[PDB]
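Only one chain is given next, in structure tokens, and it is the form deposited without the ligand.
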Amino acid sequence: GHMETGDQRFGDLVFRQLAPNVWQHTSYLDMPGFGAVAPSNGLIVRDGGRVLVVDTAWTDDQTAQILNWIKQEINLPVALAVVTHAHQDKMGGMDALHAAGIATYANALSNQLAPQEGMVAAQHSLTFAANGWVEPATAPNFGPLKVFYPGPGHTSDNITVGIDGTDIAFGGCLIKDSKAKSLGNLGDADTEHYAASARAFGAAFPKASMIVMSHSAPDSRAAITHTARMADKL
């Protein structure tokens, strides 16, 4: 009963505590004269005496505001950040993380695609085994973060993250909730492999009951089945 319930506003950002040491951060794409659209979610994880971040906000200014909220609410240094693909909603704030002295990690393919996508690359590159699990030497001192590359889906480089010791797995933009009308921005998608990649994510974190994703609120495992079924139609 100690966790604050529901959405907490911090300027134009929204924070929601999901577990004793896990929060979801939400930022919107701001368009002058038209307002805010396309909310995007990331994660904040408290791991003992440090904080780990999953994904930036849409911009450097909003990412600096996530860091300000962390300082105010948690007051522990941010040791590292993992970004889940080279799109503006996940990597838009890389400069703000680097200005704060935060070590950044992304799939090697995300770093290679980043300049073509108009993104700043993460400082370090994650590589993966043929079964999709991160090569441990490329993800040093990741604490409870279990990084998995499910195969091409939302993009060819999308990665996912399970939080050890919790019921949470983060599907990023690969997964949409059980009520979603579409899979969202499909311009860079792999329509042939998407369904198998969504199913591979489910199988990599078989015990996770809370599925967190970029463009829907947290849901049950039905979000995985629903996404794979919508991807089967591509």
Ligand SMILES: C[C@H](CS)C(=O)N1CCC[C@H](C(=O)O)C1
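Residues that one form lacks are left out of the comparison. Numbers follow the displayed sequence, beginning with 1. In this text, the rigid core denotes the largest set of C-alpha atoms whose superposition between the two forms falls within 1.5 Å.
Although not depicted, the form deposited with the ligand bound is the subject of the following passage.
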Q: Report open or blocked for the site once the ligand, placed as found in the deposited bound form, has been superimposed by the C-alphas surrounding the pocket (blocked: 3 or more ligand atoms within 2.4 Å of a backbone or C-beta atom; open: none).
A: blocked
Q) Tell me which of 126 to 134, 144 to 152, 83 to 91, 70 to 78 has residues with heavy atoms within 4.5 angstroms of the ligand in the deposited bound form? A) 83 to 91
Q. Might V37 be said to contact the ligand in the deposited bound form, defining contact as any heavy atom within 4.5 Å?
A. yes
Q: State yes or no: in the deposited bound form, is some non-hydrogen atom of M31 no more than 4.5 angstroms from a non-hydrogen atom of the ligand?
A: yes
Q. How about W58: is it within 4.5 Å of the ligand in the deposited bound form, going by heavy atoms?
A. yes
(Q) Is it the case that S178, even though its partner is missing from this view, gets within 4.5 Å of the ligand in the deposited bound form, heavy atoms only? (A) no
Q. All three of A169, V212 and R221 touching the ligand in the deposited bound form at 4.5 Å, heavy atom to heavy atom?
A. no
Q) Which pick from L183, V51, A200, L43 sits with a heavy atom within 4.5 Å of the ligand in the deposited bound form? A) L183
Q. Does anything in 117 to 137 come within 4.5 Å of the ligand in the deposited bound form by heavy atoms, and if so which residues, in order?
A. none
**Q.** Residue showing a 2 Å-or-more C-alpha displacement between this form and the one not shown once the rigid core is overlaid, selected from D30, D167, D61, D188
**A.** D30
Q) Taking the shown form as reference, are the C-alpha positions of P32 and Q62 brought closer or pushed farther apart in the deposited bound form, with a change of 3 Å or more? A) farther
Q | CA-CA separation of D188 and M31, closer or farther in the deposited bound form than in the form shown [shift of 3 angstroms or more] | A | closer
Q. Are there runs of at least three residues between this form and the one not shown whose C-alphas all move 2 Å or more relative to the rigid core, and where are they?
A. 30 to 38
